[PDB]
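Below is work14.txt, which holds compact mmCIF, C-alpha atoms and all ligand atoms.
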```
# COMPACT_ATOMS: atom_id res chain seq x y z
CA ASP Y 1 -28.39 34.36 64.42
CA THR Y 2 -27.02 36.78 61.82
CA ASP Y 3 -28.19 34.97 58.67
CA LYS Y 4 -31.34 33.50 60.27
CA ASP Y 5 -30.71 29.81 59.48
CA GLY Y 6 -31.33 28.58 63.02
CA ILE Y 7 -27.65 27.99 63.77
CA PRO Y 8 -26.09 30.39 66.36
CA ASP Y 9 -23.47 32.89 65.18
CA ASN Y 10 -20.59 31.48 67.23
CA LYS Y 11 -21.23 27.95 65.95
CA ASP Y 12 -21.92 28.96 62.34
CA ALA Y 13 -19.04 27.89 60.08
CA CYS Y 14 -20.50 30.24 57.47
CA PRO Y 15 -22.21 32.99 59.51
CA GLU Y 16 -22.94 35.12 56.44
CA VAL Y 17 -24.73 32.42 54.46
CA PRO Y 18 -28.04 30.79 55.51
CA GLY Y 19 -27.23 27.08 55.61
CA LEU Y 20 -28.13 23.84 57.35
CA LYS Y 21 -27.42 22.37 60.79
CA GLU Y 22 -25.77 19.20 59.46
CA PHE Y 23 -22.89 21.23 58.04
CA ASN Y 24 -22.51 23.80 60.84
CA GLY Y 25 -24.70 26.48 59.26
CA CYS Y 26 -23.32 26.00 55.75
CA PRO Y 27 -25.49 25.49 52.63
CA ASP Y 28 -25.78 22.36 50.46
CA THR Y 29 -26.91 23.89 47.15
CA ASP Y 30 -27.36 20.76 45.01
CA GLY Y 31 -28.52 18.68 47.97
CA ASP Y 32 -25.98 15.88 47.46
CA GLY Y 33 -24.87 15.83 51.10
CA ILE Y 34 -21.60 17.66 50.48
CA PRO Y 35 -21.62 21.36 51.47
CA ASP Y 36 -20.66 23.98 48.85
CA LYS Y 37 -17.30 24.78 50.45
CA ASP Y 38 -16.28 21.14 49.99
CA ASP Y 39 -18.28 20.32 46.84
CA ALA Y 40 -16.09 20.44 43.73
CA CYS Y 41 -19.30 20.44 41.67
CA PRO Y 42 -21.61 22.49 43.96
CA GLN Y 43 -24.54 22.62 41.52
CA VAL Y 44 -24.38 18.99 40.36
CA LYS Y 45 -25.14 15.90 42.48
CA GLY Y 46 -22.18 13.58 43.01
CA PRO Y 47 -20.72 11.04 45.47
CA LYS Y 48 -18.25 11.84 48.26
CA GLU Y 49 -15.74 9.69 46.35
CA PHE Y 50 -15.23 12.59 43.95
CA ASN Y 51 -16.07 15.39 46.36
CA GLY Y 52 -19.61 15.82 45.07
CA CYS Y 53 -18.71 15.44 41.39
CA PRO Y 54 -20.55 12.84 39.29
CA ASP Y 55 -18.76 10.09 37.39
CA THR Y 56 -21.23 9.64 34.53
CA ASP Y 57 -19.55 6.84 32.57
CA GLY Y 58 -18.34 5.14 35.75
CA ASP Y 59 -14.64 4.88 34.94
CA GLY Y 60 -13.63 6.26 38.34
CA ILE Y 61 -12.79 9.64 36.87
CA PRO Y 62 -15.34 12.40 37.56
CA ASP Y 63 -16.70 14.28 34.55
CA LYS Y 64 -14.81 17.46 35.51
CA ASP Y 65 -11.50 15.61 35.08
CA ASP Y 66 -12.60 13.09 32.42
CA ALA Y 67 -11.26 14.06 28.98
CA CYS Y 68 -13.98 11.79 27.57
CA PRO Y 69 -16.72 12.09 30.22
CA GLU Y 70 -19.22 9.93 28.33
CA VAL Y 71 -16.96 6.98 27.45
CA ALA Y 72 -15.16 4.80 30.02
CA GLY Y 73 -11.37 5.04 29.78
CA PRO Y 74 -8.24 4.30 31.85
CA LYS Y 75 -6.60 6.97 34.02
CA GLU Y 76 -3.52 6.64 31.81
CA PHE Y 77 -5.37 8.66 29.17
CA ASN Y 78 -7.41 10.81 31.57
CA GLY Y 79 -10.64 8.89 31.09
CA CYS Y 80 -10.20 8.31 27.36
CA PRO Y 81 -10.38 4.67 26.17
CA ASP Y 82 -7.64 2.84 24.26
CA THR Y 83 -9.87 -0.01 23.12
CA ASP Y 84 -7.39 -1.99 20.98
CA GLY Y 85 -4.51 -1.16 23.31
CA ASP Y 86 -2.12 0.26 20.71
CA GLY Y 87 -1.42 3.22 22.99
CA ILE Y 88 -3.58 5.52 20.88
CA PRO Y 89 -6.94 6.62 22.36
CA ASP Y 90 -10.01 5.86 20.20
CA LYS Y 91 -10.55 9.59 19.60
CA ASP Y 92 -7.14 9.82 17.91
CA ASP Y 93 -7.03 6.25 16.57
CA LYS Y 94 -8.01 6.04 12.90
CA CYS Y 95 -8.76 2.35 13.45
CA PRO Y 96 -9.92 2.27 17.10
CA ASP Y 97 -10.71 -1.45 17.04
CA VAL Y 98 -7.49 -2.72 15.44
CA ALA Y 99 -4.03 -2.07 16.90
CA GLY Y 100 -1.68 -0.22 14.55
CA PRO Y 101 1.46 1.96 14.32
CA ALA Y 102 1.27 5.64 15.27
CA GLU Y 103 2.72 6.76 11.93
CA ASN Y 104 -0.25 5.25 10.10
CA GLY Y 105 -2.63 6.99 12.49
CA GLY Y 106 -3.75 4.01 14.51
CA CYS Y 107 -4.45 1.64 11.64
CA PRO Y 108 -2.30 -1.28 10.50
CA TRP Y 109 -0.47 -0.67 7.21
CA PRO Y 110 -2.92 -1.74 4.47
CA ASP Y 111 -2.27 -4.29 1.70
CA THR Y 112 -4.80 -3.48 -1.01
CA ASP Y 113 -4.07 -6.07 -3.71
CA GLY Y 114 -3.23 -8.64 -1.02
CA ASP Y 115 0.14 -9.82 -2.38
CA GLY Y 116 1.67 -9.57 1.09
CA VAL Y 117 3.66 -6.45 0.21
CA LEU Y 118 2.37 -3.45 2.17
CA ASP Y 119 1.06 -0.46 0.15
CA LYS Y 120 3.93 1.72 1.37
CA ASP Y 121 6.34 -0.93 0.08
CA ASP Y 122 4.35 -2.06 -2.96
CA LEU Y 123 5.75 -0.53 -6.15
CA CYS Y 124 2.52 -1.66 -7.81
CA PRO Y 125 -0.06 -1.26 -4.98
CA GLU Y 126 -3.04 -2.22 -7.18
CA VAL Y 127 -1.63 -5.30 -8.94
CA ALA Y 128 -0.55 -8.53 -7.25
CA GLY Y 129 3.16 -9.27 -7.57
CA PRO Y 130 5.96 -11.17 -5.78
CA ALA Y 131 7.97 -9.37 -3.09
CA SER Y 132 11.20 -10.08 -4.99
CA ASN Y 133 9.90 -7.55 -7.52
CA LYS Y 134 8.72 -5.05 -4.89
CA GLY Y 135 5.10 -6.13 -5.30
CA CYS Y 136 5.09 -5.72 -9.07
CA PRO Y 137 3.88 -8.56 -11.31
CA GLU Y 138 6.28 -10.17 -13.77
CA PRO Y 139 5.60 -12.83 -16.43
CA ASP Y 140 5.78 -16.44 -15.23
CA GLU Y 141 7.25 -19.34 -17.23
CA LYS Y 142 4.21 -20.00 -19.41
CA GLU Y 143 3.58 -16.33 -20.21
CA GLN Y 144 7.23 -15.82 -21.15
CA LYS Y 145 6.73 -18.66 -23.63
CA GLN Y 146 3.51 -16.98 -24.76
CA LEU Y 147 5.39 -13.72 -25.30
CA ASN Y 148 8.07 -15.47 -27.36
CA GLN Y 149 5.33 -17.18 -29.36
CA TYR Y 150 4.23 -13.72 -30.47
CA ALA Y 151 7.80 -12.66 -31.20
CA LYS Y 152 8.28 -15.70 -33.43
CA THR Y 153 5.61 -14.24 -35.73
CA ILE Y 154 7.58 -11.02 -36.32
CA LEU Y 155 8.59 -11.16 -39.98
CA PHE Y 156 11.35 -9.29 -41.80
CA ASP Y 157 12.16 -8.81 -45.47
CA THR Y 158 14.60 -11.48 -46.69
CA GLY Y 159 18.18 -10.54 -45.82
CA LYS Y 160 16.98 -7.22 -44.40
CA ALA Y 161 16.02 -5.82 -40.99
CA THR Y 162 12.86 -4.07 -42.18
CA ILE Y 163 9.74 -5.28 -40.38
CA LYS Y 164 7.03 -6.42 -42.78
CA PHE Y 165 3.72 -4.56 -42.49
CA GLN Y 166 1.67 -7.70 -41.82
CA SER Y 167 3.36 -8.27 -38.46
CA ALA Y 168 2.30 -4.87 -37.13
CA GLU Y 169 -0.69 -6.56 -35.52
CA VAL Y 170 1.31 -9.07 -33.49
CA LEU Y 171 3.74 -6.31 -32.49
CA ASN Y 172 0.99 -4.21 -30.92
CA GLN Y 173 -0.12 -7.35 -29.11
CA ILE Y 174 3.47 -7.59 -27.86
CA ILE Y 175 3.38 -3.92 -26.81
CA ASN Y 176 0.24 -4.43 -24.72
CA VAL Y 177 1.88 -7.39 -22.98
CA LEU Y 178 4.90 -5.25 -22.13
CA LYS Y 179 2.65 -2.38 -21.02
CA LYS Y 180 1.21 -4.89 -18.55
CA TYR Y 181 4.67 -4.96 -16.94
CA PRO Y 182 5.75 -1.29 -16.67
CA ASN Y 183 8.52 -1.88 -14.12
CA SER Y 184 10.14 -4.86 -15.86
CA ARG Y 185 12.98 -4.64 -18.38
CA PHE Y 186 13.20 -6.79 -21.51
CA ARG Y 187 15.94 -8.03 -23.81
CA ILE Y 188 15.00 -8.03 -27.50
CA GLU Y 189 16.95 -10.87 -29.13
CA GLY Y 190 17.67 -11.53 -32.80
CA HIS Y 191 18.39 -15.14 -33.77
CA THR Y 192 19.37 -16.80 -37.06
CA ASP Y 193 20.33 -20.34 -38.08
CA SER Y 194 23.89 -21.51 -38.78
CA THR Y 195 23.41 -21.29 -42.55
CA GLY Y 196 25.72 -18.90 -44.39
CA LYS Y 197 28.18 -16.40 -42.95
CA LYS Y 198 28.01 -16.07 -39.16
CA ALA Y 199 29.51 -12.57 -39.31
CA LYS Y 200 26.70 -11.36 -41.56
CA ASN Y 201 24.09 -13.04 -39.35
CA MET Y 202 25.42 -11.31 -36.24
CA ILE Y 203 24.97 -7.92 -37.94
CA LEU Y 204 21.59 -8.89 -39.38
CA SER Y 205 20.17 -10.22 -36.12
CA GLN Y 206 21.39 -7.11 -34.28
CA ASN Y 207 19.79 -4.87 -36.89
CA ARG Y 208 16.56 -6.85 -36.56
CA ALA Y 209 16.61 -6.67 -32.76
CA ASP Y 210 17.26 -2.93 -33.03
CA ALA Y 211 14.31 -2.67 -35.43
CA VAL Y 212 11.91 -4.37 -32.99
CA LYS Y 213 13.11 -2.19 -30.12
CA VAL Y 214 12.45 0.90 -32.26
CA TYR Y 215 8.90 -0.29 -32.96
CA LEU Y 216 8.15 -0.90 -29.26
CA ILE Y 217 9.51 2.53 -28.28
CA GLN Y 218 7.19 4.29 -30.75
CA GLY Y 219 4.41 2.10 -29.37
CA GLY Y 220 4.82 3.56 -25.90
CA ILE Y 221 7.48 1.41 -24.24
CA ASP Y 222 10.28 3.42 -22.57
CA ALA Y 223 13.63 3.06 -24.35
CA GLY Y 224 15.47 2.54 -21.07
CA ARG Y 225 13.40 -0.60 -20.40
CA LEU Y 226 14.62 -2.33 -23.55
CA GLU Y 227 17.89 -3.95 -24.59
CA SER Y 228 18.53 -5.11 -28.17
CA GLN Y 229 21.00 -7.92 -28.87
CA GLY Y 230 21.88 -9.88 -32.00
CA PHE Y 231 22.79 -13.50 -31.29
CA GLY Y 232 23.22 -14.86 -34.80
CA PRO Y 233 23.31 -18.67 -34.58
CA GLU Y 234 24.82 -18.57 -31.09
CA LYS Y 235 21.70 -19.80 -29.26
CA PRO Y 236 19.82 -22.53 -31.17
CA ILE Y 237 16.67 -24.12 -29.78
CA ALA Y 238 16.59 -26.78 -32.50
CA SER Y 239 19.00 -28.71 -34.73
CA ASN Y 240 20.54 -26.90 -37.71
CA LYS Y 241 20.91 -30.14 -39.71
CA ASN Y 242 17.39 -29.99 -41.15
CA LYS Y 243 14.93 -27.42 -42.53
CA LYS Y 244 12.31 -27.53 -39.77
CA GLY Y 245 15.03 -27.08 -37.15
CA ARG Y 246 16.60 -24.10 -38.91
CA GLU Y 247 13.18 -22.47 -39.23
CA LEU Y 248 12.77 -22.77 -35.46
CA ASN Y 249 16.21 -21.18 -34.92
CA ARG Y 250 15.33 -18.13 -37.04
CA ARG Y 251 13.42 -16.05 -34.51
CA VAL Y 252 13.10 -12.95 -32.39
CA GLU Y 253 12.79 -13.41 -28.63
CA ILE Y 254 11.63 -10.90 -26.04
CA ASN Y 255 12.87 -12.12 -22.68
CA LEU Y 256 12.46 -10.70 -19.18
CA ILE Y 257 15.72 -9.35 -17.77
CA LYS Y 258 16.08 -10.70 -14.23
CA CA Y 301 -26.79 31.43 61.52
CA CA Y 302 -24.85 30.22 58.25
CA CA Y 303 -23.53 19.63 47.60
CA CA Y 304 -22.05 18.36 43.94
CA CA Y 305 -15.80 9.14 34.20
CA CA Y 306 -14.29 8.66 30.47
CA CA Y 307 -6.01 2.43 20.24
CA CA Y 308 -5.95 1.25 16.36
CA CA Y 309 0.31 -5.24 -1.90
CA CA Y 310 1.39 -5.14 -5.82
CA CA Y 311 23.57 -8.26 -23.73
```

In structure tokens, how does this file's structure come out?
Amino acid sequence: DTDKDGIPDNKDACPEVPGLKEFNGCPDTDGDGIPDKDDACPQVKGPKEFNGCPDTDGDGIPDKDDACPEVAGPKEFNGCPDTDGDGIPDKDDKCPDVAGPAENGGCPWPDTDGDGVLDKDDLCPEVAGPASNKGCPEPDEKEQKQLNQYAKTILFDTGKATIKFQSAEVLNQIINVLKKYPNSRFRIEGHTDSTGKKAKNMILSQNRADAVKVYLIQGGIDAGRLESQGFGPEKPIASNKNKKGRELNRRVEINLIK
């Protein structure tokens, strides 16, 4: 007995190390029943299933080989869980509990304003709008009428295209409405009645439309977003055979360009 463990030298698998009889004179350091020479975790108790290495979380992958030794996970990801099953392990999944594309981490593409147009596709991500306008709001039927109700109030000097001072208030109201729709374009329209010379009314209404466009530009609205057009008497909304009708036909409109 060279190492004095009780097991004869010839029948001592490890004759240099004092061990135990059960393992042919070889030591079992951690006492788990698997001798050191066969124990992949010789100082830590563990089942024979993993060669004396413990499987703490119980996913069938011993801690030594478990990339996430405390959380159960499939062998596909070396012991790391993919809870929502989007192929991205929780530890690298920005939204571990909701399946999502890899390019957005592991979260589904968000829709902040909830108009159904995803943030990455929503030209106006913070304001609800229809998808036909890339998620940007645009005036409905009743607001377009509202906008033209303001434009009706825009007054000019008789026979001239100079905007009267008193209508500066309604114009700024018009500006704020248009600022509410940054991505939309608008046609400024000048309309007269059929009284007098049509040729002169075409020029006048154009000059008046131009004037209103100029005012909106200085009020903040980008020039490229605006189109000015004189119609003369070419687009009546009322009869020209009576005074009240003609008064209705003399107007400025500010219409959404579709
Ligand atoms: Ca011995
Ligand atoms: Ca021995
Ligand atoms: Ca052991
Ligand atoms: Ca062990
Ligand atoms: Ca494990
Ligand atoms: Ca694990
Ligand atoms: Ca996942
Ligand atoms: Ca996810
Ligand atoms: Ca949206
Ligand atoms: Ca939007
Ligand atoms: Ca035009």

- [ ] Report the distance between atom CA of residue 51 of chain Y and atom CA of residue 70 of chain Y in Å, rounded to one decimal place.
- [x]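 Taking atom CA of residue 51 of chain Y as the start and atom CA of residue 70 of chain Y as the end point, the length is 19.1 Å.
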
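Counting from atom CA of residue 116 of chain Y, the distance to atom CA of residue 92 of chain Y is 27.1 Å.
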
Open item on the list: For a test of reading the model, state the distance in Å between atom CA of residue 50 of chain Y and atom CA of ligand CA 302 (chain Y), rounded to one decimal.
Closed with: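 So the two atoms, atom CA of residue 50 of chain Y and atom CA of ligand CA 302 (chain Y), lie 24.7 Å apart.
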
Task: Among the residues Y:62, Y:182, Y:35, Y:73, the one that comes closest to residue 123 of chain Y [using all atoms listed in the file] - done: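 Comparing Y:62, Y:182, Y:35, Y:73 against residue 123 of chain Y, the winner is Y:182.
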
Residues of chain Y that have any atom at most 12 Å from an atom of ligand CA 302 (chain Y): could you tabulate them with the shortest-distance atom pair and the distance in Å to one decimal, using only C-alpha atoms and all ligand atoms, ordered by chain and increasing number, as CSV?
```
residue,atom,partner,partner_atom,distance
Y:1,CA,Y:CA302,CA,8.2
Y:2,CA,Y:CA302,CA,7.8
Y:3,CA,Y:CA302,CA,5.8
Y:4,CA,Y:CA302,CA,7.5
Y:5,CA,Y:CA302,CA,6.0
Y:6,CA,Y:CA302,CA,8.2
Y:7,CA,Y:CA302,CA,6.6
Y:8,CA,Y:CA302,CA,8.2
Y:9,CA,Y:CA302,CA,7.6
Y:10,CA,Y:CA302,CA,10.0
Y:11,CA,Y:CA302,CA,8.8
Y:12,CA,Y:CA302,CA,5.2
Y:13,CA,Y:CA302,CA,6.5
Y:14,CA,Y:CA302,CA,4.4
Y:15,CA,Y:CA302,CA,4.0
Y:16,CA,Y:CA302,CA,5.6
Y:17,CA,Y:CA302,CA,4.4
Y:18,CA,Y:CA302,CA,4.2
Y:19,CA,Y:CA302,CA,4.7
Y:20,CA,Y:CA302,CA,7.2
Y:21,CA,Y:CA302,CA,8.6
Y:22,CA,Y:CA302,CA,11.1
Y:23,CA,Y:CA302,CA,9.2
Y:24,CA,Y:CA302,CA,7.3
Y:25,CA,Y:CA302,CA,3.9
Y:26,CA,Y:CA302,CA,5.1
Y:27,CA,Y:CA302,CA,7.4
Y:28,CA,Y:CA302,CA,11.1
Y:35,CA,Y:CA302,CA,11.6
```

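Using only C-alpha atoms and all ligand atoms, the shortest contact distance between ligand CA 307 (chain Y) and any of Y:71, Y:161, Y:155, Y:88 is found at Y:88.
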
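Taking all atoms listed in the file, the non-local environment of residue 145 of chain Y within 12 Å (same-chain residues fewer than 5 positions away omitted) comprises residues 139, 140, 150, 151, 152, 253, 254, 255 and 256 of chain Y.
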
Open item on the list: Please list as a list in words every residue within 12 Å of residue 90 of chain Y, counting all atoms listed in the file and excluding residues in the same chain fewer than 3 positions away.
Closed with: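 Listing them by chain and then by number gives residues 68, 71, 72, 73, 74, 77, 79, 80, 81, 82, 83, 84, 85, 86, 87, 93, 94, 95, 96, 97, 98, 99, 100, 105, 106 and 107 of chain Y.
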
Task: Closest of Y:33, Y:233, Y:42, Y:89 to ligand CA 304 (chain Y) - atom-to-atom distances counting only C-alpha atoms and all ligand atoms - done: Y:42

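Taking all atoms listed in the file into account, the residues that come within 6 Å of ligand CA 310 (chain Y) are residues 113, 115, 122, 124, 125, 126, 127, 128, 129, 135 and 136 of chain Y.
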
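With distances taken over all atoms listed in the file, Y:153 is the one residue among Y:153, Y:69, Y:112, Y:49 lying closest to residue 165 of chain Y.
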
Check every protein, DNA and RNA residue against ligand CA 304 (chain Y), keep those with an atom at most 9 Å away (counting only C-alpha atoms and all ligand atoms), and present them as an mmCIF file with C-alpha atoms, in the frame of the given file.
```
data_model
loop_
_atom_site.group_PDB
_atom_site.id
_atom_site.type_symbol
_atom_site.label_atom_id
_atom_site.label_comp_id
_atom_site.auth_asym_id
_atom_site.auth_seq_id
_atom_site.Cartn_x
_atom_site.Cartn_y
_atom_site.Cartn_z
ATOM 1 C CA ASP Y 28 -25.780 22.360 50.460
ATOM 2 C CA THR Y 29 -26.910 23.890 47.150
ATOM 3 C CA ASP Y 30 -27.360 20.760 45.010
ATOM 4 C CA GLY Y 31 -28.520 18.680 47.970
ATOM 5 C CA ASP Y 32 -25.980 15.880 47.460
ATOM 6 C CA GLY Y 33 -24.870 15.830 51.100
ATOM 7 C CA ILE Y 34 -21.600 17.660 50.480
ATOM 8 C CA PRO Y 35 -21.620 21.360 51.470
ATOM 9 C CA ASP Y 36 -20.660 23.980 48.850
ATOM 10 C CA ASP Y 38 -16.280 21.140 49.990
ATOM 11 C CA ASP Y 39 -18.280 20.320 46.840
ATOM 12 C CA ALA Y 40 -16.090 20.440 43.730
ATOM 13 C CA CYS Y 41 -19.300 20.440 41.670
ATOM 14 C CA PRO Y 42 -21.610 22.490 43.960
ATOM 15 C CA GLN Y 43 -24.540 22.620 41.520
ATOM 16 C CA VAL Y 44 -24.380 18.990 40.360
ATOM 17 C CA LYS Y 45 -25.140 15.900 42.480
ATOM 18 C CA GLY Y 46 -22.180 13.580 43.010
ATOM 19 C CA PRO Y 47 -20.720 11.040 45.470
ATOM 20 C CA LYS Y 48 -18.250 11.840 48.260
ATOM 21 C CA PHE Y 50 -15.230 12.590 43.950
ATOM 22 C CA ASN Y 51 -16.070 15.390 46.360
ATOM 23 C CA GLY Y 52 -19.610 15.820 45.070
ATOM 24 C CA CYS Y 53 -18.710 15.440 41.390
ATOM 25 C CA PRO Y 54 -20.550 12.840 39.290
#
```
